[PDB]
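Participant: Just need the structure, nothing else, for what follows:
(4 chains, ligands or ions: 8)
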There are 4 protein chains.
Amino acid sequence: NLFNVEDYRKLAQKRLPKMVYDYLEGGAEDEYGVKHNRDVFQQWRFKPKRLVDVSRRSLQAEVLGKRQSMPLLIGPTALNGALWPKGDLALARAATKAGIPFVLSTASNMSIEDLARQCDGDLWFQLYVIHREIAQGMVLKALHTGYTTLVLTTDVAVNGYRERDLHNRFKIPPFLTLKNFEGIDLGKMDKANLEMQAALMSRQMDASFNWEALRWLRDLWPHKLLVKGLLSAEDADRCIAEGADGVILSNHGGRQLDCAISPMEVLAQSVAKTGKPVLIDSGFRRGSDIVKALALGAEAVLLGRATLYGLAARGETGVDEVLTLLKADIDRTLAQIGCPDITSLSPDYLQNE
Amino acid sequence: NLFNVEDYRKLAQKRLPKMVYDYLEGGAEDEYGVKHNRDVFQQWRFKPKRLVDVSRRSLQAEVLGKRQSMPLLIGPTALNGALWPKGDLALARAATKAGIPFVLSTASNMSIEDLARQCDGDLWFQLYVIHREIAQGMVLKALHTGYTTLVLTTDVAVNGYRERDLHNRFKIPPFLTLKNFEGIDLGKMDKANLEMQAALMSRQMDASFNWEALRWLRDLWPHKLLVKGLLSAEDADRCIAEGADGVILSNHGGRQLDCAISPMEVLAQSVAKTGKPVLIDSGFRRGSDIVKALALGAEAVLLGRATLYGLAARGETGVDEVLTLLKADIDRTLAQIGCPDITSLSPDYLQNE
Amino acid sequence: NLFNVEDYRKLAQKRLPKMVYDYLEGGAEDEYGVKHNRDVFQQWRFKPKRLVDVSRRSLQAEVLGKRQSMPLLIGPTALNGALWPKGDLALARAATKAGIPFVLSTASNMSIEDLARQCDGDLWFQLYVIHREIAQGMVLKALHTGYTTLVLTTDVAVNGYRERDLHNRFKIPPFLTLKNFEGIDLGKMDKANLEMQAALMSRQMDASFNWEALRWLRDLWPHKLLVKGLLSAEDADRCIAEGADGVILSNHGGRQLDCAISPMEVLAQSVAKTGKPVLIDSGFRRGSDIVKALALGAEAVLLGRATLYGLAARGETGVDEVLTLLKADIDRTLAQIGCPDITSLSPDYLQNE
Amino acid sequence: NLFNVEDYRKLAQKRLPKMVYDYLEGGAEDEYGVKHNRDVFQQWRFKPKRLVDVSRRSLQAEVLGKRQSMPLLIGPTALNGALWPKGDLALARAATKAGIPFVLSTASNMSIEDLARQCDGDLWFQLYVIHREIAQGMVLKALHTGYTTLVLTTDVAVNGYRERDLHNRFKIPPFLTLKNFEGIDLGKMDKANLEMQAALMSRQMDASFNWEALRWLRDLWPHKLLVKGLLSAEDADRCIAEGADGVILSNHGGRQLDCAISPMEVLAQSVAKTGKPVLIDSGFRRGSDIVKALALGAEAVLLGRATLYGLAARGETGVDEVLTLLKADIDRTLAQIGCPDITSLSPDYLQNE
Ligand SMILES: Cc1cc2nc3c(=O)[nH]c(=O)nc-3n(C[C@H](O)[C@H](O)[C@H](O)COP(=O)(O)O)c2cc1C
Ligand SMILES: Cc1cc2nc3c(=O)[nH]c(=O)nc-3n(C[C@H](O)[C@H](O)[C@H](O)COP(=O)(O)O)c2cc1C
Ligand SMILES: Cc1cc2nc3c(=O)[nH]c(=O)nc-3n(C[C@H](O)[C@H](O)[C@H](O)COP(=O)(O)O)c2cc1C
Ligand SMILES: Cc1cc2nc3c(=O)[nH]c(=O)nc-3n(C[C@H](O)[C@H](O)[C@H](O)COP(=O)(O)O)c2cc1C
Ligand SMILES: CCCCCC[C@H](O)C(=O)O
Ligand SMILES: CCCCCC[C@H](O)C(=O)O
Ligand SMILES: CCCCCC[C@H](O)C(=O)O
Ligand SMILES: CCCCCC[C@H](O)C(=O)O
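Facilitator: Residues are numbered from 1 along each chain as shown, chains lettered A, B, ... in the order given. Ligands and ions are numbered 1, 2, ... in the order given. What follows is the structure:
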């Protein structure tokens, strides 16, 4: 009796150990962030356009100039192998089966190569920078394995204060590890090489990464480059000014800064100012949420917890199911508001409440 | 201890099987739509005009130029025979006894003819278009049986995602059927005739019906024609531009698109722009709700669930009772705000909150 | 452990029979009116003026040109003898002991004369008009007994739909009666005289009373005349235009029209437009409520349920106690905001929220 | 499992006697004041500035021209010895260990001298004026003992109506006393000297203290002088006009006037109008609360209940812990919004909701 994302959340809570479930569902501090992420969608209602022929609908759209089955993506999330065996691959395959991209996390349980070898869909790589030299290693590693897009996540200068993990003394499941860091040499006692082991033993990343460093990364990567974690039209504009091909408005699903605004709050403005692809995530659970954002100008929406619920509850097939429902949900929504072609969405179909 | 519509809802929930009750009370998805439909009335409070002579009040009004006992109507609802034996007729008779119109649903359990034969009140016919040729059949059928008004419902291009029915695996009660489709030939193996049986086995309607198709219908029907399911002043204006004699602002009682705006949100504007009769429904339970809408310019309010509660709880007499209370409620309200003649209502008696 | 009005409400609910308690506490329909009456005070917060000498405070003020101990009044309420033995007199005496006026209801359990004989404080008479000739009888009766002010209540054209009384089949306690109507002749079979007995058997009043009738009353009464039940600056202005010496903004404590605006919503405007005394009631329970209204321009606040709780809980002494707390409450409030003289209150001490 | 201020509140409620806990946690009347104090922070969300180097952060700041480890202070609170043995000293020591000031209350359980002798951190003295001559005594007493700043609290002209203490018949713990008043002579039968004993037996202070009296105090004290308890930009401006070196916007933690606005409501304005140091308190529990205020222009935030929870729960170490968490909290917050130097905060990082 699995008819929406919520049903999968309930089912996942019943199958996951509290510690893992809390890792997944948890937010920062009081968790007003995740609640706000959901609430913000209620500030917009639909004003359907009647008597429009909607017998032939199309959810097909172009993201960064490349066509995909629908304006969605399974976003980068760490420790998927803790939610389900080989979670990273189960997701990549459901994404590929659905015709949409999958973004591998820097902190995945499967390596940039193992996935690229066991999957042929559109693969994106999300990069976290702990050590500058190590970052370049993964970047080229992903470049050689055929990853089409690179995504720099910037909202984790320091770790977010997530108390559920604190009360649970959460620990990365033993049978799992951060594969992308495995084999990163050692024994090399030079200094430089030592100044890397210190960062590898630090769950703390380079809080130093600035715009200048973005240029370094821009030159290093030849394909589409997106900056994730932006919460202002000003910052998205700067990113485009610095070479980015697009940005991802996001507050990390309310896991980093509890009082962070919802990316929906600066979406229309970012779209107007950048004049470039503005993707988004954080709070999306319903097809109506996704449509309101697409209607506001977003190029595509990335899914975080939504698809993870399908994974944690029923593995790969569970992810296929969540994507199938969401597509049908999105489809049904366009039909109701009278916008047969997903690419014709505009603020015209919305009403601010 | 039945003093308002709510009391009848409670009583109906106690008499109806959960499955049927959920079919009736249910809304789309999270059901924020039905809650919003109710909440929206709280955005307006009354500013009574004191020391006005209200010893002689009149609820009599003209709808589409024809006078009726009060600005109300029992709106078109499907499967009434599932709420109570011969529900369609029980309703038509309470409406006729109250001096207001009754709108027969395309998906009624009694046929366009049986009703027209067993009832002599003002009968309206709500049309759903599954098959163009079949639609014309009912249209003429209703025209010949003496139905005064035709109502094209446009907010069901595709079926609304109603999860209560999904969790219940709801099925149209065996002893009941969609009478208006009964006898629609068969055996005719021509192609055209086959391209109809496919639509008759589809709970899916012509998502193709556009403005051009509205013209076809406008020429086909010689009497008052109304378009139901509009949620924008722009669409109501277009309908009038295309021949409609009036429109029905409505979001289908929150059963089609959960995040749909309440028709109350575009009522004043639709009235100002169309300059034609603007009727409305969705959320009305109190006489105060009805009065606020009438005060905003609505020509009349159609009742959906309100009267269905009286029917499901106590059949025909139950409907008489709900109408009697609502009339008294409306009457008492005009007296309190100092507007003795229901036709003198204006935005003047309201205060936006 | 009786430190505020609420404590007395709780105590009264424990001593009163549910039927009587519901008669007292009840509101119209859903009772969103009484809740709104309370909520509306939260739209204003205090902006205290520091370093002001408040060692010598004065709550003394002039109402309609006559000085009283504080800007309060025990308002007219029907059936006080049902809340406590000789409730009307218990109240009049607490009011007189507190140095503020008491308004006798047309529907009191003690007569206009018995009170005027057993009490020497400032007595006001609230008039309800069932029969024009009978009204004049009480008016002169009160004039001869020495009542200083007359109050015409206009918000009861018809009776408010109060469902608590309906579910309880509420009936006026046997041992009690509407004394002011006792002895109003009979046996007189003339027609005119018969056209009075019909009104005396009707819990329904003259819904016909209009502005013209207000003139008749204005000429009939030589002293201060106030019109109670107004909810618009326009109506208060008209009343002054017609001779009234002041008005009482009120929605009858949410007992007549559930969706009625709170008189607080039109207080500032009524004060600005009338340029005459604007009194008010409906929802007042805290000294802060009273002060916000006085700060907005109100000349005085009338108490309804607040003092009735003291009466129902502990009779006369209970009323003395509620008044004592409210005075101390008001006093403490002026001290906190830095307005030592109650007559210096202005919108300056408020902040709209 | 003590990760935030709230955890300490819970722990303190478990260790404190209800009577003492209620004294601490209680507010005035309905306690909408303390709730509002918390709610008001939700009117602002963060708009982080990405790709900023935050690897080297600084919480160091100047308060009244003097540098301290962070923009915080343990504010003046009465009866600390009732929450924990020698609470005043436990607090002063945690403040001094944290590198921030401590403000001794006029009504402390340890004297102005005992503390100045047992502690060497930055000590401030909060003054309450019961008797003008007695006030001067403490003022000079604090001046000679080396207190750097004097703070005149003005929001206690009369005592706030706190019902928790009323229902509990709260009484100052026997083993404790108001040390700063101990030894204030007696036996002196002159008149003047008698006109002091009357004030010493009065939990009531000089409601007479006005601006003129502020001048007297301004001349008397040679160092930094701050006025606490202001709730308007106008009053803060007057204070500066009268000699104050800065002000403390505050509503006494919702303990004096329940409907008092939150100082956050007039913070930006007070900063713009005074052009002088504007400190603040009332409602602060999270680092995000503190940062929003600092971002709005506040020079520093004083802690009331937050640190008292650490004290009541675990004494001195408990206070060290609350301060340690709050510093880390503040630190983590600057990192997330991209403002490495606490002194660079501006309204730029905020979004009004
Ligand atoms: C368990 C979990 C792990 C995450 N790991 C990463 C990560 O490794 N890299 C990254 O850029 N974002 C990470 N995110 C953030 C997501 O990419 C995405 O922004 C967020 O989940 C969107 O919100 P939603 O979950 O409400 O859809 C994570 C989120 C969750 C819930
Ligand atoms: C059980 C049920 C069946 C319905 N069937 C129909 C139908 O056959 N045709 C149509 O035009 N609208 C249909 N509607 C919508 C109603 O005509 C009306 O717009 C709606 O009920 C108004 O909202 P309310 O129920 O809050 O009054 C139906 C509504 C309900 C609750
Ligand atoms: C039990 C009860 C009886 C009342 N009877 C009368 C009446 O006889 N005449 C009148 O003018 N108003 C009458 N009122 C209205 C009050 O005068 C007053 O407007 C109202 O109580 C104000 O609201 P509050 O109760 O919240 O203070 C009555 C109110 C209550 C609660
Ligand atoms: C138990 C308690 C005692 C207090 N005593 C004093 C005092 O002696 N002098 C003073 O100026 N303020 C006093 N205050 C007010 C505080 O200095 C401060 O303004 C307030 O606690 C700020 O709110 P918060 O508790 O939410 O942080 C007291 C507050 C509490 C909770
Ligand atoms: C708060 C520390 C987070 C460390 C890994 C980043 C990932 O985005 C996650 O939210 O779990
Ligand atoms: C969602 C499918 C609805 C099929 C019949 C239309 C009717 O309006 C109803 O809401 O039940
Ligand atoms: C609703 C009928 C009211 C009849 C008496 C008036 C009085 O104000 C009351 O509210 O009880
Ligand atoms: C309400 C009486 C307060 C007397 C001492 C002042 C102190 O600020 C406190 O709030 O306890």
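
Participant: which residues does the residue lying closest to residue A:52 once chain neighbours are set aside contact?
Facilitator: Excluding its sequence neighbours, the residue lying closest to residue A:52 (Cβ to Cβ, 6 or more residues apart in numbering or on different chains) is residue A:338, at 3.8 Å. Quick note: C-beta positions are derived from backbone N, CA and C, even for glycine. Going by Cβ atoms under 8 Å, 6 or more residues apart in numbering or on different chains, residue A:338 touches A:48-52, A:54, A:349, B:157.

Participant: ok, so of the residues you listed, who is nearest ligand 7?
Facilitator: Nearest to ligand 7 among those is residue A:48, at 43.2 Å by Cβ to the nearest ligand atom.

Participant: and that closest one, what is it in contact with?
Facilitator: Residues in contact with residue A:48 (Cβ under 8 Å, 6+ apart) are A:336-338, A:349, B:155, B:231-232, B:257, B:260.

Participant: longest helix anywhere in chain A?
Facilitator: Counting residues, the longest helix found in chain A (DSSP state H) is helix A:305-337.

Participant: could you say what helices and strands that one packs with?
Facilitator: helix A:5-15, helix A:18-25, strand A:72-74, helix A:87-98, helix A:287-295 (3 or more Cβ pairs under 8 Å, 6 or more residues apart in numbering or on different chains; DSSP states H and E).

Participant: Quick check: nearest residue in space to the residue of the stretch 251-353 of chain A found nearest ligand 4, chain neighbours excluded?
Facilitator: Nearest residue of the stretch 251-353 of chain A to ligand 4: residue A:259, at 17.9 Å (Cβ to the nearest ligand atom). Closest residue to residue A:259 apart from its sequence neighbours, by Cβ to Cβ, 6+ apart: residue D:288 at 4.7 Å.

Participant: Give the helix, strand or coil label for the closest residue to residue A:82 other than its chain neighbours.
Facilitator: Computed as Cβ to Cβ, 6+ apart, the closest residue to residue A:82 that is not its neighbour in sequence is residue A:173, at 4.8 Å. Here residue A:173 is recorded as coil under DSSP: H, G, I helix; E, B strand; the rest coil.

Participant: Next, see if stretch A:274-290 gets close to ligand 5.
Facilitator: No: using Cβ under 6 Å from any ligand atom, stretch A:274-290 stays clear of ligand 5, with a minimum separation of 11.8 Å.

Participant: Report whether residue A:125 is found in a strand, as I expect.
Facilitator: Yes: checked against three-state DSSP, residue A:125 lies within a strand.

Participant: Throw the contacts of residue A:338 into TSV and include distance to ligand 2 and secondary structure, thanks.
Facilitator: As requested, the contacts of residue A:338 are exported to TSV (distance: Cβ to the nearest ligand atom, whole Å; DSSP: H, G, I helix; E, B strand; the rest coil):
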residue	distance to ligand 2	secondary structure
A:48	14	coil
A:49	18	coil
A:50	13	coil
A:51	14	coil
A:52	18	coil
A:54	18	coil
A:349	21	helix
B:157	13	coil
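
Participant: between those residues, which has the most around it?
Facilitator: Neighbour counts for these peak at residue B:157, which has 28 neighbours (criterion: other Cβ atoms under 10 Å in any protein chain shown).
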